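target.cif, holding mmCIF, N, CA, C and O atoms:
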```
data_work
#
loop_
_atom_site.label_atom_id
_atom_site.label_comp_id
_atom_site.auth_asym_id
_atom_site.auth_seq_id
_atom_site.Cartn_x
_atom_site.Cartn_y
_atom_site.Cartn_z
N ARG Q 99 -11.88 9.20 12.16
CA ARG Q 99 -12.77 10.35 12.17
C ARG Q 99 -12.04 11.56 12.74
O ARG Q 99 -11.04 11.43 13.44
N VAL Q 100 -12.56 12.74 12.41
CA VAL Q 100 -12.04 14.00 12.92
C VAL Q 100 -13.17 14.73 13.63
O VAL Q 100 -14.26 14.88 13.07
N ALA Q 101 -12.91 15.16 14.86
CA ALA Q 101 -13.91 15.91 15.60
C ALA Q 101 -14.18 17.25 14.93
O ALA Q 101 -13.26 17.94 14.49
N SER Q 102 -15.45 17.62 14.86
CA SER Q 102 -15.89 18.82 14.17
C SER Q 102 -16.16 19.94 15.15
O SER Q 102 -16.33 19.72 16.35
N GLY Q 103 -16.21 21.16 14.63
CA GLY Q 103 -16.51 22.33 15.42
C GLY Q 103 -17.99 22.38 15.77
O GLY Q 103 -18.80 21.67 15.18
N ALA Q 104 -18.32 23.21 16.76
CA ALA Q 104 -19.70 23.33 17.20
C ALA Q 104 -20.59 23.81 16.06
O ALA Q 104 -20.27 24.78 15.37
N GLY Q 105 -21.72 23.12 15.87
CA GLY Q 105 -22.68 23.48 14.86
C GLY Q 105 -22.50 22.79 13.52
O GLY Q 105 -23.45 22.70 12.75
N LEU Q 106 -21.30 22.28 13.24
CA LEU Q 106 -21.07 21.57 12.00
C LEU Q 106 -21.62 20.14 12.11
O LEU Q 106 -21.79 19.62 13.21
N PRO Q 107 -21.91 19.51 10.98
CA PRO Q 107 -22.33 18.10 11.02
C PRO Q 107 -21.20 17.20 11.48
O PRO Q 107 -20.02 17.46 11.21
N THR Q 108 -21.56 16.12 12.17
CA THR Q 108 -20.59 15.21 12.76
C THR Q 108 -20.46 13.94 11.92
O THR Q 108 -21.34 13.61 11.12
N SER Q 109 -19.35 13.24 12.11
CA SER Q 109 -19.05 12.05 11.33
C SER Q 109 -19.57 10.81 12.03
O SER Q 109 -19.20 10.54 13.18
N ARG Q 110 -20.42 10.05 11.35
CA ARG Q 110 -20.93 8.80 11.89
C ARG Q 110 -19.85 7.72 11.86
O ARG Q 110 -18.99 7.70 10.97
N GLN Q 111 -19.89 6.82 12.84
CA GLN Q 111 -19.02 5.65 12.81
C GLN Q 111 -19.38 4.76 11.63
O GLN Q 111 -20.56 4.54 11.34
N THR Q 112 -18.36 4.23 10.95
CA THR Q 112 -18.57 3.43 9.75
C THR Q 112 -17.70 2.18 9.80
O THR Q 112 -16.50 2.26 10.06
N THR Q 113 -18.32 1.03 9.54
CA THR Q 113 -17.61 -0.23 9.39
C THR Q 113 -17.73 -0.69 7.95
O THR Q 113 -18.84 -0.78 7.41
N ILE Q 114 -16.60 -0.99 7.32
CA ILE Q 114 -16.56 -1.48 5.95
C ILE Q 114 -16.04 -2.91 5.98
O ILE Q 114 -15.00 -3.19 6.60
N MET Q 115 -16.76 -3.82 5.33
CA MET Q 115 -16.38 -5.22 5.26
C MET Q 115 -16.31 -5.65 3.80
O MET Q 115 -17.25 -5.41 3.03
N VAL Q 116 -15.20 -6.28 3.43
CA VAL Q 116 -14.89 -6.59 2.04
C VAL Q 116 -14.40 -8.02 1.94
O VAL Q 116 -13.69 -8.52 2.82
N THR Q 117 -14.79 -8.70 0.86
CA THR Q 117 -14.35 -10.06 0.58
C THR Q 117 -13.63 -10.08 -0.76
O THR Q 117 -13.93 -9.28 -1.65
N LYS Q 118 -12.67 -10.99 -0.90
CA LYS Q 118 -11.85 -11.10 -2.09
C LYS Q 118 -11.69 -12.57 -2.45
O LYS Q 118 -11.56 -13.41 -1.55
N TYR Q 119 -11.69 -12.88 -3.74
CA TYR Q 119 -11.80 -14.25 -4.22
C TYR Q 119 -10.59 -14.62 -5.07
O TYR Q 119 -9.84 -13.76 -5.52
N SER Q 120 -10.41 -15.93 -5.27
CA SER Q 120 -9.28 -16.46 -6.01
C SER Q 120 -9.66 -16.77 -7.46
O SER Q 120 -10.83 -16.76 -7.84
N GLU Q 121 -8.63 -17.06 -8.26
CA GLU Q 121 -8.79 -17.38 -9.67
C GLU Q 121 -7.93 -18.59 -10.02
O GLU Q 121 -6.96 -18.89 -9.31
N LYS Q 122 -8.28 -19.27 -11.11
CA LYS Q 122 -7.63 -20.52 -11.48
C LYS Q 122 -7.19 -20.49 -12.94
O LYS Q 122 -7.91 -19.99 -13.81
N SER Q 123 -6.00 -21.04 -13.20
CA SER Q 123 -5.44 -21.11 -14.55
C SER Q 123 -4.42 -22.24 -14.66
O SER Q 123 -3.26 -22.06 -14.29
N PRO Q 124 -4.81 -23.40 -15.17
CA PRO Q 124 -3.86 -24.52 -15.30
C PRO Q 124 -2.99 -24.43 -16.54
O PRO Q 124 -3.28 -23.67 -17.46
N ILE Q 125 -1.90 -25.20 -16.56
CA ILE Q 125 -0.99 -25.26 -17.70
C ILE Q 125 -0.71 -26.72 -18.05
O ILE Q 125 -0.93 -27.62 -17.23
N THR Q 126 -0.22 -26.95 -19.27
CA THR Q 126 0.08 -28.30 -19.72
C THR Q 126 1.13 -28.27 -20.82
O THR Q 126 1.34 -27.23 -21.46
N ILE Q 127 1.78 -29.41 -21.04
CA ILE Q 127 2.71 -29.59 -22.15
C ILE Q 127 2.85 -31.08 -22.45
O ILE Q 127 2.96 -31.89 -21.52
N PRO Q 128 2.82 -31.49 -23.71
CA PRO Q 128 3.02 -32.91 -24.04
C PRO Q 128 4.44 -33.25 -24.45
O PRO Q 128 5.19 -32.37 -24.89
N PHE Q 129 4.83 -34.51 -24.30
CA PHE Q 129 6.02 -35.05 -24.95
C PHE Q 129 5.68 -36.42 -25.52
O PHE Q 129 4.80 -37.11 -25.02
N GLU Q 130 6.39 -36.80 -26.58
CA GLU Q 130 6.07 -38.02 -27.31
C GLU Q 130 7.31 -38.87 -27.52
O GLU Q 130 8.43 -38.37 -27.60
N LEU Q 131 7.09 -40.19 -27.61
CA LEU Q 131 8.14 -41.16 -27.87
C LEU Q 131 7.69 -42.09 -28.98
O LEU Q 131 6.50 -42.28 -29.22
N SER Q 132 8.67 -42.68 -29.67
CA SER Q 132 8.41 -43.53 -30.82
C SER Q 132 8.27 -44.99 -30.39
O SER Q 132 8.75 -45.39 -29.32
N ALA Q 133 7.62 -45.78 -31.23
CA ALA Q 133 7.44 -47.20 -30.93
C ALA Q 133 8.78 -47.93 -30.86
O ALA Q 133 8.97 -48.79 -30.01
N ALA Q 134 9.70 -47.59 -31.76
CA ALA Q 134 11.03 -48.21 -31.73
C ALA Q 134 11.76 -47.87 -30.44
O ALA Q 134 12.44 -48.72 -29.85
N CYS Q 135 11.65 -46.61 -30.00
CA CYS Q 135 12.29 -46.20 -28.76
C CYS Q 135 11.76 -46.99 -27.58
O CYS Q 135 12.53 -47.48 -26.75
N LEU Q 136 10.44 -47.16 -27.51
CA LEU Q 136 9.85 -47.95 -26.43
C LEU Q 136 10.27 -49.41 -26.53
O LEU Q 136 10.52 -50.06 -25.51
N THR Q 137 10.34 -49.96 -27.75
CA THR Q 137 10.74 -51.35 -27.92
C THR Q 137 12.15 -51.57 -27.39
O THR Q 137 12.40 -52.52 -26.64
N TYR Q 138 13.09 -50.70 -27.77
CA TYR Q 138 14.46 -50.88 -27.31
C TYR Q 138 14.63 -50.50 -25.85
O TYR Q 138 15.59 -50.94 -25.20
N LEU Q 139 13.72 -49.69 -25.30
CA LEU Q 139 13.77 -49.40 -23.87
C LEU Q 139 13.30 -50.59 -23.05
O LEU Q 139 13.88 -50.91 -22.01
N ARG Q 140 12.23 -51.25 -23.50
CA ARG Q 140 11.59 -52.26 -22.67
C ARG Q 140 12.32 -53.60 -22.75
O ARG Q 140 12.53 -54.26 -21.73
N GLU Q 141 12.72 -54.02 -23.95
CA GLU Q 141 13.20 -55.38 -24.16
C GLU Q 141 14.49 -55.37 -24.97
O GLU Q 141 14.82 -54.39 -25.64
N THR Q 142 15.20 -56.49 -24.90
CA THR Q 142 16.45 -56.67 -25.63
C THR Q 142 16.42 -58.02 -26.34
O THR Q 142 15.77 -58.96 -25.89
N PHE Q 143 17.14 -58.09 -27.45
CA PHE Q 143 17.22 -59.23 -28.34
C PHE Q 143 18.55 -59.95 -28.09
O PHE Q 143 19.21 -59.69 -27.07
N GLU Q 144 18.92 -60.87 -28.99
CA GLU Q 144 20.21 -61.54 -28.93
C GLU Q 144 21.31 -60.53 -28.67
O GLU Q 144 21.53 -59.62 -29.47
N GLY Q 145 22.01 -60.67 -27.54
CA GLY Q 145 22.96 -59.68 -27.10
C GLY Q 145 24.07 -59.39 -28.09
O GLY Q 145 24.84 -60.28 -28.46
N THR Q 146 24.15 -58.14 -28.53
CA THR Q 146 25.19 -57.71 -29.46
C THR Q 146 25.46 -56.24 -29.21
O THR Q 146 24.70 -55.54 -28.53
N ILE Q 147 26.58 -55.76 -29.77
CA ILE Q 147 27.01 -54.39 -29.54
C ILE Q 147 25.97 -53.40 -30.04
O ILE Q 147 25.66 -52.41 -29.37
N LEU F 344 1.27 32.63 31.77
CA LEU F 344 1.12 31.57 30.79
C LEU F 344 2.43 30.85 30.52
O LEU F 344 2.44 29.62 30.36
N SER F 345 3.54 31.58 30.45
CA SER F 345 4.82 30.94 30.17
C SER F 345 5.23 30.00 31.30
O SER F 345 5.72 28.90 31.04
N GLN F 346 5.03 30.42 32.55
CA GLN F 346 5.42 29.57 33.66
C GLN F 346 4.47 28.39 33.83
O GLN F 346 4.77 27.47 34.60
N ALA F 347 3.33 28.41 33.14
CA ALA F 347 2.44 27.25 33.15
C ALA F 347 2.96 26.12 32.26
O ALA F 347 2.42 25.01 32.30
N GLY F 348 3.98 26.39 31.45
CA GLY F 348 4.49 25.40 30.51
C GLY F 348 5.00 24.12 31.14
O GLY F 348 5.39 24.10 32.31
N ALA F 349 4.99 23.03 30.36
CA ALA F 349 5.44 21.74 30.86
C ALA F 349 6.95 21.73 31.05
O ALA F 349 7.69 22.48 30.40
N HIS F 350 7.41 20.86 31.95
CA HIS F 350 8.83 20.81 32.26
C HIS F 350 9.56 19.78 31.42
O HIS F 350 10.62 20.07 30.85
N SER F 351 9.02 18.57 31.31
CA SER F 351 9.69 17.50 30.60
C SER F 351 9.54 17.68 29.09
O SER F 351 8.51 18.16 28.61
N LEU F 352 10.57 17.28 28.35
CA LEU F 352 10.57 17.39 26.90
C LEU F 352 11.17 16.13 26.30
O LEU F 352 12.12 15.57 26.85
N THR F 353 10.59 15.67 25.19
CA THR F 353 10.87 14.44 24.46
C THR F 353 11.52 14.73 23.12
O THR F 353 11.34 15.81 22.55
N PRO F 354 12.32 13.80 22.60
CA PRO F 354 12.89 13.98 21.26
C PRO F 354 12.06 13.32 20.17
O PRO F 354 11.51 12.24 20.37
N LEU F 355 11.97 13.96 19.00
CA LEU F 355 11.26 13.39 17.87
C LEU F 355 11.85 13.96 16.58
O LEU F 355 12.44 15.05 16.58
N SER F 356 11.67 13.22 15.49
CA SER F 356 12.38 13.47 14.24
C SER F 356 11.50 14.25 13.27
O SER F 356 10.31 13.97 13.13
N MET F 357 12.11 15.23 12.58
CA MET F 357 11.40 16.02 11.59
C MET F 357 12.42 16.71 10.69
O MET F 357 13.61 16.74 10.98
N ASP F 358 11.92 17.26 9.58
CA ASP F 358 12.74 17.92 8.58
C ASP F 358 12.72 19.43 8.80
O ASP F 358 11.68 20.00 9.14
N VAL F 359 13.87 20.07 8.58
CA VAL F 359 13.98 21.52 8.71
C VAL F 359 14.69 22.07 7.49
O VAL F 359 15.40 21.36 6.78
N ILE F 360 14.48 23.36 7.24
CA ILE F 360 15.11 24.08 6.14
C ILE F 360 15.75 25.34 6.70
O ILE F 360 15.26 25.94 7.66
N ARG F 361 16.86 25.75 6.09
CA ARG F 361 17.57 26.96 6.47
C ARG F 361 17.15 28.10 5.54
O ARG F 361 17.24 27.96 4.31
N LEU F 362 16.72 29.21 6.12
CA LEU F 362 16.18 30.33 5.36
C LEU F 362 16.88 31.64 5.68
O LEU F 362 16.22 32.62 6.03
N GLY F 363 18.21 31.67 5.59
CA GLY F 363 18.90 32.90 5.93
C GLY F 363 19.05 33.07 7.43
O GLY F 363 18.33 33.87 8.04
N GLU F 364 19.92 32.26 8.03
CA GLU F 364 20.15 32.19 9.48
C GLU F 364 18.84 32.03 10.25
O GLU F 364 18.72 32.49 11.39
N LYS F 365 17.88 31.36 9.64
CA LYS F 365 16.60 31.06 10.26
C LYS F 365 16.17 29.67 9.84
O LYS F 365 16.05 29.39 8.64
N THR F 366 15.95 28.80 10.81
CA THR F 366 15.58 27.41 10.56
C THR F 366 14.12 27.20 10.92
O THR F 366 13.68 27.56 12.01
N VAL F 367 13.36 26.61 10.00
CA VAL F 367 11.94 26.35 10.22
C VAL F 367 11.66 24.89 9.90
O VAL F 367 12.41 24.23 9.18
N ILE F 368 10.56 24.39 10.44
CA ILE F 368 10.14 23.00 10.29
C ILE F 368 9.19 22.91 9.10
O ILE F 368 8.43 23.85 8.83
N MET F 369 9.25 21.80 8.38
CA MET F 369 8.35 21.53 7.27
C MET F 369 7.51 20.30 7.57
O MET F 369 8.05 19.27 7.98
N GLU F 370 6.20 20.40 7.36
CA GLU F 370 5.31 19.28 7.62
C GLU F 370 4.17 19.26 6.61
O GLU F 370 3.69 20.32 6.19
N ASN F 371 3.76 18.06 6.22
CA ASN F 371 2.50 17.84 5.53
C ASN F 371 1.57 17.08 6.47
O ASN F 371 2.01 16.19 7.20
N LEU F 372 0.29 17.45 6.46
CA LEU F 372 -0.70 16.83 7.33
C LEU F 372 -1.51 15.74 6.63
O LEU F 372 -2.71 15.60 6.90
N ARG F 373 -0.89 14.99 5.72
CA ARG F 373 -1.60 13.91 5.04
C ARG F 373 -2.08 12.84 6.01
O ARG F 373 -3.10 12.19 5.76
N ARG F 374 -1.36 12.63 7.11
CA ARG F 374 -1.71 11.57 8.05
C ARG F 374 -3.08 11.81 8.66
O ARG F 374 -3.85 10.86 8.88
N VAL F 375 -3.40 13.07 8.96
CA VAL F 375 -4.59 13.38 9.75
C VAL F 375 -5.86 13.09 8.96
O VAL F 375 -6.85 12.61 9.51
N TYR F 376 -5.85 13.39 7.66
CA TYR F 376 -7.04 13.27 6.82
C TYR F 376 -6.98 12.06 5.89
O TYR F 376 -7.61 12.09 4.83
N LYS F 377 -6.24 11.01 6.26
CA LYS F 377 -5.97 9.92 5.33
C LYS F 377 -7.24 9.23 4.85
O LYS F 377 -7.41 8.99 3.65
N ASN F 378 -8.15 8.90 5.77
CA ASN F 378 -9.37 8.21 5.38
C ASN F 378 -10.60 8.79 6.06
O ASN F 378 -11.60 8.08 6.22
N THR F 379 -10.55 10.05 6.46
CA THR F 379 -11.64 10.68 7.19
C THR F 379 -12.61 11.37 6.23
O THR F 379 -12.34 11.52 5.04
N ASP F 380 -13.75 11.78 6.78
CA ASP F 380 -14.74 12.50 5.98
C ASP F 380 -14.37 13.96 5.77
O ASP F 380 -14.76 14.55 4.76
N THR F 381 -13.64 14.56 6.70
CA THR F 381 -13.31 15.97 6.60
C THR F 381 -12.25 16.21 5.53
O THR F 381 -11.37 15.39 5.31
N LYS F 382 -12.37 17.35 4.86
CA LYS F 382 -11.39 17.77 3.86
C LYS F 382 -10.21 18.45 4.53
O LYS F 382 -10.35 19.11 5.56
N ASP F 383 -9.04 18.30 3.93
CA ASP F 383 -7.85 18.98 4.43
C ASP F 383 -8.00 20.48 4.18
O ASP F 383 -8.14 20.89 3.02
N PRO F 384 -7.96 21.32 5.21
CA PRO F 384 -8.16 22.76 5.00
C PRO F 384 -7.02 23.45 4.28
O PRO F 384 -7.09 24.66 4.07
N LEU F 385 -5.95 22.74 3.92
CA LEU F 385 -4.90 23.31 3.10
C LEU F 385 -5.13 23.07 1.62
O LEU F 385 -4.34 23.55 0.80
N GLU F 386 -6.17 22.33 1.25
CA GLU F 386 -6.59 22.17 -0.13
C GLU F 386 -7.83 23.02 -0.35
O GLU F 386 -8.90 22.72 0.19
N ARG F 387 -7.70 24.06 -1.16
CA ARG F 387 -8.70 25.11 -1.26
C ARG F 387 -9.04 25.35 -2.72
O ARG F 387 -8.32 24.94 -3.63
N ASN F 388 -10.16 26.03 -2.94
CA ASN F 388 -10.55 26.52 -4.25
C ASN F 388 -10.34 28.03 -4.32
O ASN F 388 -10.38 28.72 -3.30
N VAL F 389 -10.10 28.53 -5.53
CA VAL F 389 -9.83 29.94 -5.76
C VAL F 389 -10.63 30.39 -6.98
O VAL F 389 -10.68 29.68 -7.99
N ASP F 390 -11.24 31.57 -6.89
CA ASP F 390 -12.07 32.11 -7.96
C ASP F 390 -11.39 33.30 -8.63
O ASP F 390 -10.87 34.19 -7.95
N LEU F 391 -11.42 33.31 -9.95
CA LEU F 391 -11.00 34.46 -10.74
C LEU F 391 -12.12 34.82 -11.71
O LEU F 391 -12.81 33.94 -12.23
N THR F 392 -12.30 36.11 -11.95
CA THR F 392 -13.38 36.61 -12.79
C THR F 392 -12.78 37.27 -14.02
O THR F 392 -11.87 38.10 -13.91
#
```

Rendering of file as structure tokens:
Amino acid sequence: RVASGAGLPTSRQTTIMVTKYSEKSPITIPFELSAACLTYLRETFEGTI
Amino acid sequence: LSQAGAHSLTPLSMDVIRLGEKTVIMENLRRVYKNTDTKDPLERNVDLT
């Protein structure tokens, strides 16, 4: 506030209270594998090169 | 009045300009009226007819 001269209107005390909120935005991405890839990853047959 | 002056003096930083062997201080009073109700008396209206 600024003090005023005699006779002028004066400034009232003022309190301002404010609230602020958050926001949400998720992301995603897929990846895929083949049945043959999983078969050879999980198990092995008669050992060969 | 002159001998009533204060004795101690403090240093503080400000900008000056040279105007023909005359140095003057430059200031803006934005700080004083930053969020107050009073208007800056250096911002004025002018009428032309």

Go through chain F and flag each residue having an atom no more than 7 Å from chain Q; for those, report the closest pair of atoms plus their distance in Å to one decimal, using only C-alpha atoms, ordered by chain and rising number, as CSV.
```
residue,atom,partner,partner_atom,distance
F:379,CA,Q:99,CA,5.1
F:380,CA,Q:99,CA,6.8
F:381,CA,Q:100,CA,6.7
```

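Note that the spacing between atom CA of residue 356 of chain F and atom O of residue 376 of chain F amounts to 22.1 Å.
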
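With atom CA of residue 111 of chain Q on one side and atom CA of residue 375 of chain F on the other, the separation reads 16.7 Å.
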
Can you list what the PyMOL selection byres ((chain F and resi 369) around 7) grabs from this structure, as a PDB file with N, CA, C and O atoms, in the frame of the given file?
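The resulting out-v1.pdb:
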```pdb
ATOM      1  N   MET F 357      12.110  15.230  12.580  1.00  0.00           N
ATOM      2  CA  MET F 357      11.400  16.020  11.590  1.00  0.00           C
ATOM      3  C   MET F 357      12.420  16.710  10.690  1.00  0.00           C
ATOM      4  O   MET F 357      13.610  16.740  10.980  1.00  0.00           O
ATOM      5  N   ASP F 358      11.920  17.260   9.580  1.00  0.00           N
ATOM      6  CA  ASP F 358      12.740  17.920   8.580  1.00  0.00           C
ATOM      7  C   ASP F 358      12.720  19.430   8.800  1.00  0.00           C
ATOM      8  O   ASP F 358      11.680  20.000   9.140  1.00  0.00           O
ATOM      9  N   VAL F 359      13.870  20.070   8.580  1.00  0.00           N
ATOM     10  CA  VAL F 359      13.980  21.520   8.710  1.00  0.00           C
ATOM     11  C   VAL F 359      14.690  22.070   7.490  1.00  0.00           C
ATOM     12  O   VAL F 359      15.400  21.360   6.780  1.00  0.00           O
ATOM     13  N   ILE F 360      14.480  23.360   7.240  1.00  0.00           N
ATOM     14  CA  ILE F 360      15.110  24.080   6.140  1.00  0.00           C
ATOM     15  C   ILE F 360      15.750  25.340   6.700  1.00  0.00           C
ATOM     16  O   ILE F 360      15.260  25.940   7.660  1.00  0.00           O
ATOM     17  N   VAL F 367      13.360  26.610  10.000  1.00  0.00           N
ATOM     18  CA  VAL F 367      11.940  26.350  10.220  1.00  0.00           C
ATOM     19  C   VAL F 367      11.660  24.890   9.900  1.00  0.00           C
ATOM     20  O   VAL F 367      12.410  24.230   9.180  1.00  0.00           O
ATOM     21  N   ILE F 368      10.560  24.390  10.440  1.00  0.00           N
ATOM     22  CA  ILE F 368      10.140  23.000  10.290  1.00  0.00           C
ATOM     23  C   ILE F 368       9.190  22.910   9.100  1.00  0.00           C
ATOM     24  O   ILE F 368       8.430  23.850   8.830  1.00  0.00           O
ATOM     25  N   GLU F 370       6.200  20.400   7.360  1.00  0.00           N
ATOM     26  CA  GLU F 370       5.310  19.280   7.620  1.00  0.00           C
ATOM     27  C   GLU F 370       4.170  19.260   6.610  1.00  0.00           C
ATOM     28  O   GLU F 370       3.690  20.320   6.190  1.00  0.00           O
ATOM     29  N   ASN F 371       3.760  18.060   6.220  1.00  0.00           N
ATOM     30  CA  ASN F 371       2.500  17.840   5.530  1.00  0.00           C
ATOM     31  C   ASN F 371       1.570  17.080   6.470  1.00  0.00           C
ATOM     32  O   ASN F 371       2.010  16.190   7.200  1.00  0.00           O
TER      33      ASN F 371
END
```

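In the backbone-derived DSSP annotation, helix (DSSP H, G or I) within chain Q comprises residues 133, 134, 135, 136, 137, 138, 139 and 140 of chain Q.
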
Discussion item. Run DSSP on the backbone and tell me which residues of chain F come out as strand (DSSP E or B); list them as a ChimeraX atom specification.
Written reply: /F:358-361,366-369

Taking N, CA, C and O atoms for each residue, export the selection above as a PDB file, in the frame of the given file.
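Writing the result to selection.pdb gives the following:
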```pdb
ATOM      1  N   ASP F 358      11.920  17.260   9.580  1.00  0.00           N
ATOM      2  CA  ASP F 358      12.740  17.920   8.580  1.00  0.00           C
ATOM      3  C   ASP F 358      12.720  19.430   8.800  1.00  0.00           C
ATOM      4  O   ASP F 358      11.680  20.000   9.140  1.00  0.00           O
ATOM      5  N   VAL F 359      13.870  20.070   8.580  1.00  0.00           N
ATOM      6  CA  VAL F 359      13.980  21.520   8.710  1.00  0.00           C
ATOM      7  C   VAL F 359      14.690  22.070   7.490  1.00  0.00           C
ATOM      8  O   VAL F 359      15.400  21.360   6.780  1.00  0.00           O
ATOM      9  N   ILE F 360      14.480  23.360   7.240  1.00  0.00           N
ATOM     10  CA  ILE F 360      15.110  24.080   6.140  1.00  0.00           C
ATOM     11  C   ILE F 360      15.750  25.340   6.700  1.00  0.00           C
ATOM     12  O   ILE F 360      15.260  25.940   7.660  1.00  0.00           O
ATOM     13  N   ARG F 361      16.860  25.750   6.090  1.00  0.00           N
ATOM     14  CA  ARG F 361      17.570  26.960   6.470  1.00  0.00           C
ATOM     15  C   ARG F 361      17.150  28.100   5.540  1.00  0.00           C
ATOM     16  O   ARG F 361      17.240  27.960   4.310  1.00  0.00           O
ATOM     17  N   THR F 366      15.950  28.800  10.810  1.00  0.00           N
ATOM     18  CA  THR F 366      15.580  27.410  10.560  1.00  0.00           C
ATOM     19  C   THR F 366      14.120  27.200  10.920  1.00  0.00           C
ATOM     20  O   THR F 366      13.680  27.560  12.010  1.00  0.00           O
ATOM     21  N   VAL F 367      13.360  26.610  10.000  1.00  0.00           N
ATOM     22  CA  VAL F 367      11.940  26.350  10.220  1.00  0.00           C
ATOM     23  C   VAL F 367      11.660  24.890   9.900  1.00  0.00           C
ATOM     24  O   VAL F 367      12.410  24.230   9.180  1.00  0.00           O
ATOM     25  N   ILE F 368      10.560  24.390  10.440  1.00  0.00           N
ATOM     26  CA  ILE F 368      10.140  23.000  10.290  1.00  0.00           C
ATOM     27  C   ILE F 368       9.190  22.910   9.100  1.00  0.00           C
ATOM     28  O   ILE F 368       8.430  23.850   8.830  1.00  0.00           O
ATOM     29  N   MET F 369       9.250  21.800   8.380  1.00  0.00           N
ATOM     30  CA  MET F 369       8.350  21.530   7.270  1.00  0.00           C
ATOM     31  C   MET F 369       7.510  20.300   7.570  1.00  0.00           C
ATOM     32  O   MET F 369       8.050  19.270   7.980  1.00  0.00           O
TER      33      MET F 369
END
```

Item to complete: Could you tell me how far atom CA of residue 378 of chain F lies from atom CA of residue 105 of chain Q, in Å and to one decimal?
Response: 22.4 Å
